[PDB]
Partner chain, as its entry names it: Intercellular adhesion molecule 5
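Okay, here we've got a single chain as C-alpha cells, the form deposited without the partner chain, with questions on binding and movement later.
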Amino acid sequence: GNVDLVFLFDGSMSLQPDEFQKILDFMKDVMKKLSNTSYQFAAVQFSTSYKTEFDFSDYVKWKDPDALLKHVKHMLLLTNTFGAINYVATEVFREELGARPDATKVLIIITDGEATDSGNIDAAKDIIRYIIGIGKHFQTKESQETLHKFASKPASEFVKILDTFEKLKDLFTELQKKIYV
C-alpha cells in the first residue's frame, strides 16, 4: 500500500555544520533507497519554529532528493519538539499539499536534544512515530526516556539512540534491507 512519510529534522544551535549535513545525507539515502516505491515524502526542519522544506507535491514533481534539499538553511535556534509534531500533524498531512487519504502516515524525528517546549501531541495520535536521538545529550537513561513520549508504543520498537552522527550512515548500511517495510 501507500505510505506518506515525513522527516522532522532538528536544526538546533547545538549541531555543528558537519553534523547537520550528516542528517541531510541520511534523509537523502533513505529517499534514494525507496525511490520508485509507493512511498511519498515531505521534510520539515524544526528548531524554535518550523519550516516545510518540501511537501508531498514537491516530491512527486521532482523525485530528486539532492534537488529537494539544496536550499535548506540551518536555523540554529532551540528545540520546540512538541510544537513541531503538532505542526506536522495539522499543516503537512494535508490533501492540498499532496497527502493521500488512503496512506499510512509515518513521521521520522531526528534530534540531538531534549525538547525545550511542552504540551501534548494528541493531534498526532494516528501517525506512526519513530524517533532517532543522537549524541551525548542521550547518554543517560533518564534523558533517553524523555523521547518515549514522542514515539509510538512500544518505545523499544520506535526509539533508537545513536552515540555519534557517524552511526546514521553505519546503521543505514547495516539495516538498509529493512527499510522497505
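Residue numbers count along the first chain shown, from 1.
J.: Compare the mean C-alpha B-factor of 42-50 with that of 65-73 as given in the PDB entry, and name the stretch with the higher value.
T.: Averaging CA B-factors over each stretch, the winner is 65-73.
J.: Mean CA temperature factor from the deposited coordinates, higher in 107-115 or in 82-90?
T.: Going by the record's values, the stretch with the higher mean is 82-90.
J.: Using the temperature factors of the C-alpha atoms in this entry, rank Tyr59 within its chain: lowest, middle or highest third.
T.: Ranked within chain, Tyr59 CA B lands in the highest tercile.
J.: Should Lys33 be placed in the lowest, middle or highest third of its chain by the C-alpha B factor in the entry?
T.: It belongs to the highest third of the chain when residues are ordered by C-alpha B-factor.
J.: Sort the modelled residues of this chain by their C-alpha B factor and say whether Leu175 lands in the lowest, middle or highest third.
T.: Lowest third of the chain for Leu175's C-alpha B-factor.
J.: Per the entry's values, where does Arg129 land by CA temperature factor relative to the rest of its chain, in the lowest, middle or highest third?
T.: Answer is lowest: the recorded C-alpha B-factor places it there.
J.: Per the entry's values, where does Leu8 land by CA temperature factor relative to the rest of its chain, in the lowest, middle or highest third?
T.: Its C-alpha B-factor, which the entry lists for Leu8, ranks in the lowest third among residues of this chain.
What follows is about the form deposited with the partner chain bound, which we do not show.
J.: Does any heavy atom of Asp170 come within 4.5 Å of a heavy atom of the partner chain in the deposited bound form?
T.: Flag for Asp170 set to yes.
J.: Find out whether any non-hydrogen atom of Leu97 is located within 4.5 angstroms of the partner chain in the deposited bound form, and reply yes or no.
T.: Heavy-atom contact with the partner chain at 4.5 Å: absent for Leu97.
J.: I'd like to check something about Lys136: if you look in the deposited bound form, is any of its heavy atoms closer than or equal to 4.5 Å to a heavy atom of the partner chain?
T.: Yes, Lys136 is a contact residue.
J.: Taking heavy atoms and a 4.5 Å cut-off, does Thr116 contact the partner chain in the deposited bound form?
T.: Yes, contact at 4.5 Å.
J.: Suppose contact means any heavy atom within 4.5 Å; which members of 55-89 contact the partner chain in the deposited bound form?
T.: Heavy-atom contacts within 4.5 Å come from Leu76, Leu77, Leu78, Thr79.
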